[PDB]
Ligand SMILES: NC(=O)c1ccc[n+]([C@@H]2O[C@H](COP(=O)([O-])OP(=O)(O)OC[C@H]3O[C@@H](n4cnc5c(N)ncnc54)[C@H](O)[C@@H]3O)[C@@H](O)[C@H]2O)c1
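Encoded as structure tokens, the following chain is the form deposited without nicotinamide-adenine-dinucleotide, with no partner shown.
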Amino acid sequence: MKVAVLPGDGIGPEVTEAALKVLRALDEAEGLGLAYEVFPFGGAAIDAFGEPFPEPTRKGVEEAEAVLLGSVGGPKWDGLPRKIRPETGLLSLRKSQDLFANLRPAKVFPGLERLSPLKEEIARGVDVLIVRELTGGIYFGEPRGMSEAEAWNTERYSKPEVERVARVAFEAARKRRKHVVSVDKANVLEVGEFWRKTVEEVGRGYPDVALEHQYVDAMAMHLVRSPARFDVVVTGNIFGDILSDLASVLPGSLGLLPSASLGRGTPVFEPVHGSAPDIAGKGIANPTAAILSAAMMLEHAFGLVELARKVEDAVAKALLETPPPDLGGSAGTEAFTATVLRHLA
């Protein structure tokens, strides 16, 4: 298990080490063959190397089997040239490894339906993985422009772009509850019709995974009224962007959310939360999202699904047993990591 660890800025070092402590504890118990090295990234790397993704980190990422990424960014670096800003290093990491599917799970862990914006009965059991196509769609479409008179943009998709994001959805669904919902606008748009029929063709290779299709505006309604009905959801880029953010508010504790970017090169696993510099070094940062990023690494980079499930349960019980400050408790980073390891043992 070869992991390049890029902790970043602010709370990145604290929460990334918490995740590594869970990984070393499972390595000792299971003989995972964990091997990792820490590389400079983000603002720390701008300060030491003059750029956020220096060639050493490029090489270590390049030579690794997975990247455990912390959080990047800070005021210091906000006024820099676009070329070297923390935010850009993140797009360079993605581009260097041709990562084309962003995976975001939103889950209401047992006993925390209280944090949901939704009523307890609706929030209970929510666990959905939004898979969003990353590289195409209207954000990158040609033609595009603006004049005094008008502005135009093109939602374009080729058979390959749709095929590759659909396969990670199917493969992802196999490791969870075997249900895929692909979301489109096929009843009005050609791109939607095309998406639908390419995913239906792709679906034929995955007989052990159920596939249904929904329109985006209906799916938005569903995600508030009955989100627990879904397992994996896959769609294009801007709808993926809308629907991941919709699903992200359902646990109602955004600090908790992990993310993965999967592709041709080395897969990247990171917390959704930012670098929260204001509390760096205080030992209060909630490690839940970094620990669940490590569990997405085990599931998605190494296929150790049953261990990811085991990490997830450990985190679920620690959230109940010693809630961090964000869940109204007092458990600082280390105290919370400890009760995860206690459940993991």
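All residue numbers are counted from 1 along the displayed sequence.
Another form, the form deposited with nicotinamide-adenine-dinucleotide bound, is not on view; read the next lines as being about it.
Undergrad: Should residue 126 be classed as touching nicotinamide-adenine-dinucleotide in the deposited bound form when contacts are defined as heavy atoms within 4.5 Å?
TA: Because no heavy atom of residue 126 falls inside 4.5 Å of nicotinamide-adenine-dinucleotide in the deposited bound form, the answer is no.
Undergrad: Does residue 187 reach nicotinamide-adenine-dinucleotide in the deposited bound form, with heavy atoms at most 4.5 Å apart?
TA: Taking the distances in the deposited bound form, the answer for residue 187 is yes, it comes within 4.5 Å of nicotinamide-adenine-dinucleotide.
Undergrad: Just to confirm, residue 146 within 4.5 Å of nicotinamide-adenine-dinucleotide in the deposited bound form by heavy atoms?
TA: No.
Undergrad: Taking nicotinamide-adenine-dinucleotide as it sits in the deposited bound form, is residue 297 near enough to touch it, meaning that at least one heavy atom pair lies within 4.5 angstroms?
TA: Result no; residue 297 lies far from nicotinamide-adenine-dinucleotide in the deposited bound form.
Undergrad: Check each of 228, 272, 112, 138 and return the one that places a heavy atom within 4.5 angstroms of nicotinamide-adenine-dinucleotide in the deposited bound form.
TA: The residue in contact is 272.
Undergrad: Quick check on this chain: which one of 183, 72, 131, 180 has a heavy atom within 4.5 Å of nicotinamide-adenine-dinucleotide in the deposited bound form?
TA: In short, 72.
Undergrad: Please pick out the stretch from 72-80, 149-157, 197-205, 112-120 that is in contact with nicotinamide-adenine-dinucleotide in the deposited bound form, where contact means heavy atoms within 4.5 Å.
TA: Stretch 72-80 is the one.
Undergrad: nicotinamide-adenine-dinucleotide in the deposited bound form: within 4.5 Å of a heavy atom of each of 50, 57 and 107?
TA: Looking in the deposited bound form, the three residues 50, 57 and 107 all stay beyond 4.5 Å of nicotinamide-adenine-dinucleotide (heavy atoms).
Undergrad: So the motion between the shown form and the other one is one rigid part turning against the other, right? Then which of 232, 296, 106, 39 is at the hinge?
TA: Answer by hinge criterion: 106.
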